[PDB]
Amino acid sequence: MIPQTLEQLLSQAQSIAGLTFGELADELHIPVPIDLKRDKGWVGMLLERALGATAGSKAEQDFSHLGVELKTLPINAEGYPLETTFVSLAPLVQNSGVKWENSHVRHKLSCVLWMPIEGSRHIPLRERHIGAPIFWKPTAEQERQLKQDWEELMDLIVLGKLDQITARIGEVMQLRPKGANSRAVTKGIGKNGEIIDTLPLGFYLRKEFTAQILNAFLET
(Lines of atoms letter the chains of each structure in order from A and count residues from 1; the text may use other names and numbers.)
(Lines give C-alpha, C1' and ligand atoms only; values in the text may rest on other atoms or scores of the structure.)
Protein backbone atom coordinates (compact mmCIF):
# COMPACT_ATOMS: atom_id res chain seq x y z
CA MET A 1 0.00 0.00 0.00
CA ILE A 2 2.79 2.39 0.98
CA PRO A 3 5.02 3.13 -2.03
CA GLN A 4 8.65 2.05 -1.67
CA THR A 5 10.09 4.49 -4.21
CA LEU A 6 9.30 7.83 -5.83
CA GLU A 7 8.59 5.93 -9.05
CA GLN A 8 5.94 3.87 -7.31
CA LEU A 9 4.31 6.93 -5.74
CA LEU A 10 4.25 8.86 -9.01
CA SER A 11 2.84 5.80 -10.69
CA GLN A 12 0.01 5.41 -8.17
CA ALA A 13 -0.81 9.12 -8.48
CA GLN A 14 -0.91 8.96 -12.27
CA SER A 15 -3.21 6.00 -11.75
CA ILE A 16 -5.85 8.04 -9.88
CA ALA A 17 -5.56 11.07 -12.20
CA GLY A 18 -8.89 11.51 -13.99
CA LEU A 19 -10.96 9.64 -11.43
CA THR A 20 -13.78 11.50 -9.67
CA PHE A 21 -13.80 11.87 -5.87
CA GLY A 22 -16.88 9.65 -5.93
CA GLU A 23 -15.20 6.82 -7.83
CA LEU A 24 -12.16 6.96 -5.58
CA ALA A 25 -14.14 7.31 -2.35
CA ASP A 26 -16.39 4.35 -3.20
CA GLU A 27 -13.39 2.26 -4.18
CA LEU A 28 -11.89 2.95 -0.76
CA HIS A 29 -15.15 2.64 1.13
CA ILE A 30 -14.98 6.25 2.31
CA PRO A 31 -18.26 8.16 2.75
CA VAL A 32 -18.59 11.30 0.61
CA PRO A 33 -20.13 14.39 2.30
CA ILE A 34 -22.50 16.69 0.40
CA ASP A 35 -20.01 19.56 0.34
CA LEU A 36 -16.79 20.73 1.99
CA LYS A 37 -18.29 23.34 4.35
CA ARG A 38 -17.85 21.00 7.31
CA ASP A 39 -15.28 18.55 5.91
CA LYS A 40 -12.65 20.99 4.71
CA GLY A 41 -9.75 18.53 4.76
CA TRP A 42 -11.71 15.68 3.21
CA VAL A 43 -10.09 15.77 -0.23
CA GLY A 44 -6.71 15.96 1.42
CA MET A 45 -7.44 12.85 3.43
CA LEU A 46 -8.95 11.09 0.43
CA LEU A 47 -5.64 11.42 -1.38
CA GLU A 48 -3.56 10.37 1.65
CA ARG A 49 -5.42 7.07 1.80
CA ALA A 50 -5.26 6.61 -1.95
CA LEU A 51 -1.50 7.08 -2.08
CA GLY A 52 -0.52 5.36 1.16
CA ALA A 53 0.60 8.48 3.00
CA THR A 54 0.89 8.99 6.76
CA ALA A 55 -2.53 9.86 8.19
CA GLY A 56 -3.36 11.52 11.50
CA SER A 57 -1.29 14.26 13.08
CA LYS A 58 2.02 12.50 12.39
CA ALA A 59 4.51 15.39 12.32
CA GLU A 60 5.46 17.09 9.02
CA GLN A 61 5.84 14.22 6.55
CA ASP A 62 3.57 12.03 4.47
CA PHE A 63 6.38 9.92 3.01
CA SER A 64 9.24 10.26 5.49
CA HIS A 65 11.10 7.37 3.85
CA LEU A 66 10.91 9.26 0.55
CA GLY A 67 11.12 12.77 1.95
CA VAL A 68 8.01 13.77 0.06
CA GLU A 69 5.17 16.02 1.24
CA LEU A 70 1.74 15.53 -0.35
CA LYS A 71 -0.54 18.51 -1.01
CA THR A 72 -3.85 18.88 -2.83
CA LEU A 73 -4.37 22.10 -4.83
CA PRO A 74 -7.86 23.23 -5.83
CA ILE A 75 -8.09 24.75 -9.31
CA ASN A 76 -10.85 26.22 -11.46
CA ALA A 77 -11.65 25.46 -15.12
CA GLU A 78 -8.82 27.63 -16.44
CA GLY A 79 -6.29 25.74 -14.30
CA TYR A 80 -5.89 28.52 -11.74
CA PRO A 81 -5.71 28.04 -7.92
CA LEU A 82 -9.00 28.60 -6.06
CA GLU A 83 -7.33 28.81 -2.63
CA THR A 84 -4.02 29.60 -0.93
CA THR A 85 -1.91 26.71 0.38
CA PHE A 86 -1.33 26.13 4.08
CA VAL A 87 2.27 25.24 4.92
CA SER A 88 2.70 25.17 8.71
CA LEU A 89 1.85 26.90 11.97
CA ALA A 90 4.09 29.82 12.94
CA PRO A 91 5.95 29.66 16.28
CA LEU A 92 5.03 32.94 17.95
CA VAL A 93 7.37 32.26 20.88
CA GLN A 94 10.90 30.91 21.36
CA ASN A 95 11.43 31.23 17.61
CA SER A 96 14.92 32.25 18.71
CA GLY A 97 17.38 29.90 17.01
CA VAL A 98 15.98 28.82 13.64
CA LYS A 99 17.50 29.98 10.36
CA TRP A 100 15.77 29.67 7.00
CA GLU A 101 17.86 26.63 6.10
CA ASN A 102 16.59 24.72 9.15
CA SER A 103 12.97 25.94 9.17
CA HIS A 104 9.85 23.77 9.32
CA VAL A 105 8.62 25.78 6.34
CA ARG A 106 11.66 25.12 4.15
CA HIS A 107 11.57 21.47 5.17
CA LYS A 108 7.90 20.97 4.28
CA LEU A 109 8.39 22.77 0.98
CA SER A 110 11.66 21.11 -0.04
CA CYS A 111 9.90 18.34 -1.98
CA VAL A 112 6.17 18.48 -2.74
CA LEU A 113 3.87 16.19 -4.69
CA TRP A 114 1.08 18.53 -5.75
CA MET A 115 -2.19 16.82 -6.66
CA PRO A 116 -4.32 19.39 -8.49
CA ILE A 117 -8.03 18.81 -8.00
CA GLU A 118 -11.18 20.37 -9.37
CA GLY A 119 -12.28 22.89 -6.74
CA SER A 120 -15.20 24.85 -8.21
CA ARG A 121 -18.02 25.14 -5.69
CA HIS A 122 -20.79 24.56 -8.21
CA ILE A 123 -19.44 21.09 -9.06
CA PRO A 124 -21.06 18.36 -6.92
CA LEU A 125 -18.29 17.05 -4.65
CA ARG A 126 -18.77 13.54 -6.06
CA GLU A 127 -18.20 14.70 -9.65
CA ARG A 128 -14.98 16.70 -9.22
CA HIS A 129 -11.91 15.18 -10.86
CA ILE A 130 -8.43 14.50 -9.52
CA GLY A 131 -5.63 16.00 -11.62
CA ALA A 132 -2.30 14.61 -12.85
CA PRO A 133 0.52 14.60 -10.28
CA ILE A 134 3.10 17.38 -10.28
CA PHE A 135 6.35 16.61 -8.49
CA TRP A 136 8.00 19.85 -7.40
CA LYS A 137 11.20 21.14 -5.81
CA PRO A 138 11.66 24.91 -5.49
CA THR A 139 13.91 26.56 -8.08
CA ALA A 140 16.69 28.88 -6.95
CA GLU A 141 14.42 31.91 -7.46
CA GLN A 142 11.47 30.36 -5.65
CA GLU A 143 13.56 29.61 -2.59
CA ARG A 144 15.06 33.10 -2.73
CA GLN A 145 11.50 34.40 -2.65
CA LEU A 146 10.33 32.01 0.06
CA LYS A 147 13.39 32.76 2.19
CA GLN A 148 12.85 36.51 1.95
CA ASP A 149 9.24 36.35 3.14
CA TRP A 150 10.06 33.90 5.93
CA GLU A 151 12.74 36.17 7.43
CA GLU A 152 10.54 39.25 7.13
CA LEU A 153 7.57 37.59 8.83
CA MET A 154 9.78 35.92 11.46
CA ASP A 155 11.46 39.18 12.49
CA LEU A 156 8.06 40.69 13.22
CA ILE A 157 7.11 37.70 15.38
CA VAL A 158 10.42 37.83 17.24
CA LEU A 159 10.04 41.57 17.85
CA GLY A 160 6.50 41.54 19.28
CA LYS A 161 4.97 43.34 16.28
CA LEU A 162 2.36 40.66 16.23
CA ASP A 163 -0.15 43.47 16.20
CA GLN A 164 1.36 44.77 12.90
CA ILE A 165 1.39 41.46 11.05
CA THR A 166 -1.23 41.45 8.30
CA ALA A 167 -1.97 38.96 5.51
CA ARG A 168 -0.72 41.68 3.16
CA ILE A 169 2.90 41.25 4.23
CA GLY A 170 4.99 38.90 2.09
CA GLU A 171 5.31 38.59 -1.69
CA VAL A 172 4.63 34.87 -2.18
CA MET A 173 4.19 33.62 1.39
CA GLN A 174 2.09 35.21 4.12
CA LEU A 175 0.72 34.86 7.66
CA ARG A 176 -3.02 34.34 8.21
CA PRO A 177 -5.01 32.95 11.16
CA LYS A 178 -4.87 29.17 11.63
CA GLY A 179 -7.16 27.53 14.17
CA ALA A 180 -10.75 26.83 15.18
CA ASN A 181 -11.84 30.45 14.85
CA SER A 182 -11.15 34.05 15.87
CA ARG A 183 -11.31 33.19 19.60
CA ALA A 184 -8.53 30.61 19.37
CA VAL A 185 -5.53 31.74 21.40
CA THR A 186 -1.82 30.88 21.61
CA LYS A 187 1.21 32.29 23.43
CA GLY A 188 3.07 35.12 21.69
CA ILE A 189 5.29 38.15 22.40
CA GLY A 190 3.94 41.51 23.47
CA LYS A 191 4.93 45.00 22.45
CA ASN A 192 7.29 44.89 25.49
CA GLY A 193 8.68 41.41 25.36
CA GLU A 194 6.10 39.79 27.67
CA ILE A 195 4.35 36.51 26.86
CA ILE A 196 0.74 37.30 25.96
CA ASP A 197 -2.36 35.67 24.47
CA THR A 198 -2.89 36.14 20.73
CA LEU A 199 -4.35 34.58 17.58
CA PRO A 200 -2.53 31.50 16.20
CA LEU A 201 -0.95 32.18 12.82
CA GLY A 202 0.21 29.96 9.99
CA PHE A 203 2.23 30.27 6.79
CA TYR A 204 0.38 30.16 3.45
CA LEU A 205 1.48 30.39 -0.18
CA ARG A 206 -0.36 32.99 -2.27
CA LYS A 207 -2.20 31.74 -5.36
CA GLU A 208 0.30 33.51 -7.63
CA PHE A 209 3.16 31.34 -6.32
CA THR A 210 1.39 27.99 -6.77
CA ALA A 211 0.02 29.15 -10.12
CA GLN A 212 3.61 29.59 -11.35
CA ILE A 213 4.29 26.01 -10.26
CA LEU A 214 1.33 24.94 -12.37
CA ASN A 215 2.56 27.06 -15.27
CA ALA A 216 6.20 26.01 -15.14
CA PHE A 217 4.84 22.48 -15.30
CA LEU A 218 2.69 23.07 -18.37
CA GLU A 219 5.63 24.80 -20.08
CA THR A 220 7.36 21.44 -19.73
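Note that residue numbering begins at 1 and tracks the sequence as displayed.
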Comparing 128 to 136 with 86 to 94, which has the greater mean CA B-factor as deposited? 86 to 94
Using the B-factors recorded in the PDB entry, average over the C-alpha atoms of 72 to 80 and of 146 to 154, then report which stretch comes out higher. 146 to 154
Which one, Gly41, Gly56, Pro177, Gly67, has the peak C-alpha temperature factor per the PDB entry? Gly56
Reading the B-factor column of the entry, which of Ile189, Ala50, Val172, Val32 has the highest value at its C-alpha atom? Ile189
According to the PDB entry, is the CA B factor of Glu118 in the bottom, middle or top third of its chain, that is, lowest, middle or highest? lowest
Based on the entry's values, in what third of the chain does the Cα temperature factor of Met45 lie: lowest, middle or highest? lowest
Among the chain's modelled residues, which third holds the C-alpha B-factor of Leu201? middle
